[PDB]
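Each remark here refers to the structure printed beneath this line.
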Amino acid sequence: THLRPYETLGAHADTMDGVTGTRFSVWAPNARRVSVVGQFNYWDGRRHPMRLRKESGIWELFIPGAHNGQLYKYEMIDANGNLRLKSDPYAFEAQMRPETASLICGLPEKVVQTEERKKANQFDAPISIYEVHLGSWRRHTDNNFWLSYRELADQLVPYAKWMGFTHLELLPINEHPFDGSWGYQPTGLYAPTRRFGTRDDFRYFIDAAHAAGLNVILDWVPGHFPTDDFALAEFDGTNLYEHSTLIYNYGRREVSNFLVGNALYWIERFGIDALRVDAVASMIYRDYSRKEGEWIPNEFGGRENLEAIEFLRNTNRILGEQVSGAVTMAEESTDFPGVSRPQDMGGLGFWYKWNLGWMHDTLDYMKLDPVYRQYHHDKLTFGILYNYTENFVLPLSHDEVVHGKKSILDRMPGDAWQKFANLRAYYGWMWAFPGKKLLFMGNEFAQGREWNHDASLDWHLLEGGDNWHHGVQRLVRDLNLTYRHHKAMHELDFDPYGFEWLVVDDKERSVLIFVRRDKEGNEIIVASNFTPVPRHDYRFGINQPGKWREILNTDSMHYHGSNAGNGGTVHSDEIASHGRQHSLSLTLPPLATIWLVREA
Ligand SMILES: OC[C@H]1O[C@H](O[C@H]2[C@H](O)[C@@H](O)[C@@H](O[C@H]3[C@H](O)[C@@H](O)[C@@H](O[C@H]4[C@H](O)[C@@H](O)[C@@H](O[C@H]5[C@H](O)[C@@H](O)[C@@H](O)O[C@@H]5CO)O[C@@H]4CO)O[C@@H]3CO)O[C@@H]2CO)[C@H](O)[C@@H](O)[C@@H]1O
Ligand SMILES: OC[C@H]1O[C@H](O[C@H]2[C@H](O)[C@@H](O)[C@@H](O[C@H]3[C@H](O)[C@@H](O)[C@@H](O[C@H]4[C@H](O)[C@@H](O)[C@@H](O[C@H]5[C@H](O)[C@@H](O)[C@@H](O)O[C@@H]5CO)O[C@@H]4CO)O[C@@H]3CO)O[C@@H]2CO)[C@H](O)[C@@H](O)[C@@H]1O
Ligand SMILES: OC[C@H]1O[C@H](O[C@H]2[C@H](O)[C@@H](O)[C@@H](O[C@H]3[C@H](O)[C@@H](O)[C@@H](O)O[C@@H]3CO)O[C@@H]2CO)[C@H](O)[C@@H](O)[C@@H]1O
Ligand SMILES: OC[C@H]1O[C@H](O[C@H]2[C@H](O)[C@@H](O)[C@@H](O)O[C@@H]2CO)[C@H](O)[C@@H](O)[C@@H]1O
Ligand SMILES: OC[C@H]1O[C@H](O)[C@H](O)[C@@H](O)[C@@H]1O
Ligand SMILES: OC[C@H]1O[C@H](O)[C@H](O)[C@@H](O)[C@@H]1O
Ligand SMILES: OC[C@H]1O[C@H](O)[C@H](O)[C@@H](O)[C@@H]1O
């Protein structure tokens with residue numbers, strides 16, 4: 001019953017005696033005095049000094065005629081007799097950057113999650129995420145002004161839906177004061193940033209996404225305490241939200257009530273269908289060793305923060321009980337055990353983990369010159385080995401395209417034509433490899449310079465006639481749309497059944513072949529030739545003979561590939577290859593991957 005602090009704390013419309021006003025409550029149990037100051041009383045806190053309930057530590061007071069729209073603050077004298085104003089930790093709407101004051105409105109209406117959105121999160125579901133930072137995806141050209149939440153509905157959602165993505169993941173939209181944090185250093189946890197409009201424009205924007213068939217993942221930030229002025233730091237003159245840099249005292253009921261509630265709020269009150277936490281490693285460790293001693297099983301040097309580890313665990317359980325169908329995802333880098341394993345098994349309790357190791361391993365490989373990929377087969381092949389230890393998302397995130405890491409396009413080897421060929425052949429490996437898929441805005445049309453959180457994306461790359469960039473984009477649209485159609489590509493991602501090697505070592509040629517199969521037993525053959533060399537009459541074993549039809553060739557004219565493929569429907573011919581009792585002779589185009597389906 002303390003899992004929706006937001007439903008009662010903060011500032012909410014109420015009616016007393018039949019006189020409309022607004023009701024104010026703030027948790028500040030070591031204050032000597034609290035007052036609401038606002039427009040309604042000309043920022044004079046003498047007028048409306050609040051009332052303390054010693055039992056709970058909450059200050060209360062109802063102001064008549066105070067209506068939503070009007071800015072306010074809490075002016076307290078803290079526990080030590082100092083004087084400061086505080087912004088509402090439960091501000092649902094806030095002034096913009098330097099202004100930093102809370103606007104009064106209430107909760108939006110609860111949003112009920114459809115059976116359709118709930119199926120889209122499930123492990124058997126095709127899950128292709130399109131990751132976006134709203135502040136830098138497009139801009140108005142003349143102004144270089146931000147697209148509003150409302151303009152983002154007009155543009156982003158038709159564009160995400162068009163491209164065939166399944167989900168839409170936004171970098172944090174909690175209110176924060178500086179752009180370059182990207183939103184991962186917040187101030188107002190319950191307020192969507194005013195950059196792009198009002199709280200209800202945000203609503204209108206996710207409602208619009210919903211209506212177009214997209215789920216919305218939201219980067220959630222319980223890991224980074226709010227360091228700035230008016231934040232929570234030393235909230236009532238004591239260390240209230242924080243511990244004696246700065247970490248939340250998660251062990252304290254009201255703080256967990258604050259943060260677990262934040263999750264329910266975003267899910268229940270805006271209809272967000274999934275939350276992700278960046279940098280769990282930061283949250284669950286700390287720089288210094290415990291110093292009480294060594295009561296440490298899973299040796300981590302005793303810098304583990306158990307208090308925080310219980311928090312993630314407890315949050316996942318509550319989110320399971322209370323809002324089933326919404327899910328949570330994590331990115332953790334210390335190889336911590338079982339971030340995506342059930343809490344009961346002792347895991348963190350997250351549903352999917354970002355597969356940072358597979359992204360590191362593949363890009364390195366793809367980085368290399370095609371003439372050396374013979375000596376590094378392991379980076380493609382060892383991926384499957386660890387796959388069944390987590391429920392993985394193949395990332396290609398915003399973090400991999402910034403700060404001196406070249407764009408994903410810049411890492412490819414070739415002379416121009418080569419250079420795009422890798423990408424087209426890469427993506428079609430990625431989409432065929434076990435795991436859900438996440439891709440960051442810009443990668444889809446093979447942008448060339450790094451992402452600039454301070455600028456629109458180089459959309460101009462797609463002005464002009466069909467070119468290399470139109471080809472990466474169109475391929476991706478096909479990868480998705482074919483990915484979504486074939487149960488094989490997504491049903492058994494986490495079952496050893498769903499994947500089987502057909503050619504783990506043909507190392508010299510750098511050729512790799514495997515299949516993905518669903519629960520019925522239908523298979524899809526995928527073939528990648530990671531060397532610029534074309535390959536004809538290539539032969540290898542199959543489990544199922546019959547008619548095989550090329551459903552996607554990475555190399556085709558539309559993607560500005562060679563356009564040279566196998567031709568038409570291929571029929572299996574009995575020859576002995578790899579002891580499978582059936583073999584195929586195929587064209588392995590140059591720097592391209594191939595996908596085959598078997599015609600009945
Ligand atoms: O050499 C001269 C000059 O060059 C440089 O200035 C360039 C900027 O540095 C550079 O950023 C680029 O600015 C880009 C911008 O970064 C990028 O986001 C992109 O803008 C897109 C919009 O996002 C997109 O919407 C579309 O705009 C639409 C709009 O959505 C729609 O509502 C309607 O208004 O139609 C618009 C199109 O007309 O497309 C644009 C671009 O295609 O592109 C920007 C480029 O304009 O380019 C600047 C020009 O050089 C150097 O920085 C400077 O030192 C040099 O003096
Ligand atoms: O231009 C826009 C285009 O959009 C739509 O076409 C898309 C298709 O709907 C979609 O299936 C996909 O087409 C793929 C195709 O699936 C894939 O097999 C591959 O086609 C290869 C052949 O496999 C290969 O044999 C070779 O064709 C040879 C042929 O064998 C030979 O007998 C002789 O005819 O020479 C041919 C040379 O082309 O190469 C082709 C490559 O085209 O790649 C296709 C393109 O990706 O994607 C299509 C484009 O998005 C609409 O259906 C269509 O009306 C529109 O024109
Ligand atoms: O429309 C009048 C005025 O609006 C804006 O100024 C207001 C601020 O936006 C608002 O935050 C508030 O400022 C208070 C601070 O938050 C608080 O820390 C302390 O300094 O008390 C202030 C109020 O005295 O109120 C002001 C206006 O009173 C806008 O920025 C102005 O351009 C505009 O003139
Ligand atoms: O033609 C390139 C074009 O593709 C997409 O435009 C879509 C549009 O989003 C849909 O609403 C519908 O009209 O189909 C169009 C393509 O046929 C992209 O949205 C757009 O950026 C791009 O220029
Ligand atoms: O000056 C560079 C940038 O610094 C910070 O990101 C500020 O929030 C932003 O307003 C400014 O443009
Ligand atoms: O720096 C950006 C450039 O990187 C590489 O040169 C790409 O080939 C080119 O397309 C892109 O414009
Ligand atoms: O498949 C033919 C290809 O051979 C090589 O990759 C060339 O670099 C490229 O220009 C050509 O298109």
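FYI, nothing fancy with the structure tokens labels: chains A, B, ... in order, residues from 1 per chain, ligands from 1 as they appear.
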Hey, which residues come within 9 Å of ligand 5 if we count only C-alpha atoms and all ligand atoms? Could you give them as a PDB file with N, CA and C atoms, in the first residue's frame?
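The file below, part_25.pdb, is the result:
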ATOM      1  N   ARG A  97      15.466  23.990 -17.437  1.00  0.00           N
ATOM      2  CA  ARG A  97      16.813  24.088 -16.870  1.00  0.00           C
ATOM      3  C   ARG A  97      16.951  24.969 -15.691  1.00  0.00           C
ATOM      4  N   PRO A  98      17.482  26.176 -15.911  1.00  0.00           N
ATOM      5  CA  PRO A  98      17.932  26.907 -14.729  1.00  0.00           C
ATOM      6  C   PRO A  98      16.803  27.234 -13.785  1.00  0.00           C
ATOM      7  N   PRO A 177      18.974  18.711 -15.913  1.00  0.00           N
ATOM      8  CA  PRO A 177      19.324  20.116 -16.167  1.00  0.00           C
ATOM      9  C   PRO A 177      20.291  20.368 -17.310  1.00  0.00           C
ATOM     10  N   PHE A 178      21.075  19.373 -17.695  1.00  0.00           N
ATOM     11  CA  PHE A 178      22.069  19.533 -18.741  1.00  0.00           C
ATOM     12  C   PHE A 178      21.920  18.517 -19.840  1.00  0.00           C
ATOM     13  N   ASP A 179      22.015  18.947 -21.080  1.00  0.00           N
ATOM     14  CA  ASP A 179      21.745  18.083 -22.207  1.00  0.00           C
ATOM     15  C   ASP A 179      22.665  16.920 -22.230  1.00  0.00           C
ATOM     16  N   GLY A 180      23.925  17.177 -21.958  1.00  0.00           N
ATOM     17  CA  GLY A 180      24.968  16.234 -22.261  1.00  0.00           C
ATOM     18  C   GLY A 180      24.950  15.085 -21.302  1.00  0.00           C
ATOM     19  N   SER A 181      24.201  15.196 -20.217  1.00  0.00           N
ATOM     20  CA  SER A 181      23.932  13.979 -19.449  1.00  0.00           C
ATOM     21  C   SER A 181      23.125  12.972 -20.245  1.00  0.00           C
ATOM     22  N   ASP A 454      23.806  16.984 -29.724  1.00  0.00           N
ATOM     23  CA  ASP A 454      23.597  18.416 -29.829  1.00  0.00           C
ATOM     24  C   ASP A 454      23.155  18.819 -31.214  1.00  0.00           C
TER      25      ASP A 454
END
Kindly provide, as a list in words, all nucleotide and amino acid residues lying within 10 Å of ligand 7, counting only C-alpha atoms and all ligand atoms.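 After applying the 10 Å limit, what remains is residues 414, 415, 416, 417, 418, 419, 421, 531, 532, 533, 534, 555, 560, 561, 562, 563, 564, 589, 590 and 591 of chain A.
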Each residue of chain A with at least one atom at most 10 Å from ligand 6 should appear once, together with its nearest atom pair and the corresponding distance in Å (one decimal); atoms considered: only C-alpha atoms and all ligand atoms; ordering: chain, then increasing residue number; output as JSON lines.
{"residue": "A:406", "atom": "CA", "partner": "ligand 6", "partner_atom_place_in_ligand_line": "1 (O)", "distance": 8.6}
{"residue": "A:407", "atom": "CA", "partner": "ligand 6", "partner_atom_place_in_ligand_line": "4 (O)", "distance": 7.9}
{"residue": "A:408", "atom": "CA", "partner": "ligand 6", "partner_atom_place_in_ligand_line": "4 (O)", "distance": 9.9}
{"residue": "A:409", "atom": "CA", "partner": "ligand 6", "partner_atom_place_in_ligand_line": "7 (C)", "distance": 6.9}
{"residue": "A:410", "atom": "CA", "partner": "ligand 6", "partner_atom_place_in_ligand_line": "4 (O)", "distance": 5.7}
{"residue": "A:411", "atom": "CA", "partner": "ligand 6", "partner_atom_place_in_ligand_line": "5 (C)", "distance": 9.3}
{"residue": "A:412", "atom": "CA", "partner": "ligand 6", "partner_atom_place_in_ligand_line": "8 (O)", "distance": 9.4}
{"residue": "A:414", "atom": "CA", "partner": "ligand 6", "partner_atom_place_in_ligand_line": "8 (O)", "distance": 9.7}
{"residue": "A:415", "atom": "CA", "partner": "ligand 6", "partner_atom_place_in_ligand_line": "8 (O)", "distance": 8.8}
{"residue": "A:416", "atom": "CA", "partner": "ligand 6", "partner_atom_place_in_ligand_line": "8 (O)", "distance": 6.5}
{"residue": "A:417", "atom": "CA", "partner": "ligand 6", "partner_atom_place_in_ligand_line": "8 (O)", "distance": 9.7}
{"residue": "A:419", "atom": "CA", "partner": "ligand 6", "partner_atom_place_in_ligand_line": "8 (O)", "distance": 7.7}
{"residue": "A:420", "atom": "CA", "partner": "ligand 6", "partner_atom_place_in_ligand_line": "8 (O)", "distance": 8.6}
{"residue": "A:446", "atom": "CA", "partner": "ligand 6", "partner_atom_place_in_ligand_line": "10 (O)", "distance": 8.0}
{"residue": "A:447", "atom": "CA", "partner": "ligand 6", "partner_atom_place_in_ligand_line": "11 (C)", "distance": 7.0}
{"residue": "A:448", "atom": "CA", "partner": "ligand 6", "partner_atom_place_in_ligand_line": "11 (C)", "distance": 4.0}
{"residue": "A:449", "atom": "CA", "partner": "ligand 6", "partner_atom_place_in_ligand_line": "2 (C)", "distance": 4.3}
{"residue": "A:450", "atom": "CA", "partner": "ligand 6", "partner_atom_place_in_ligand_line": "1 (O)", "distance": 7.9}
{"residue": "A:458", "atom": "CA", "partner": "ligand 6", "partner_atom_place_in_ligand_line": "12 (O)", "distance": 9.3}
{"residue": "A:461", "atom": "CA", "partner": "ligand 6", "partner_atom_place_in_ligand_line": "12 (O)", "distance": 8.4}
{"residue": "A:468", "atom": "CA", "partner": "ligand 6", "partner_atom_place_in_ligand_line": "10 (O)", "distance": 8.8}
{"residue": "A:469", "atom": "CA", "partner": "ligand 6", "partner_atom_place_in_ligand_line": "10 (O)", "distance": 8.4}
Please identify the residues whose atoms come within 12 Å of ligand 4, using only C-alpha atoms and all ligand atoms, and report them as number ranges by chain. A: 138, 153-164, 212, 442, 444-445, 458-467, 469-471, 473-474, 477
Dump the neighbourhood of ligand 2 as an MDAnalysis selection string: all residues within 7 Å, distances computed on only C-alpha atoms and all ligand atoms. chainID A and resid 474 478 550:553 556:559 563:568
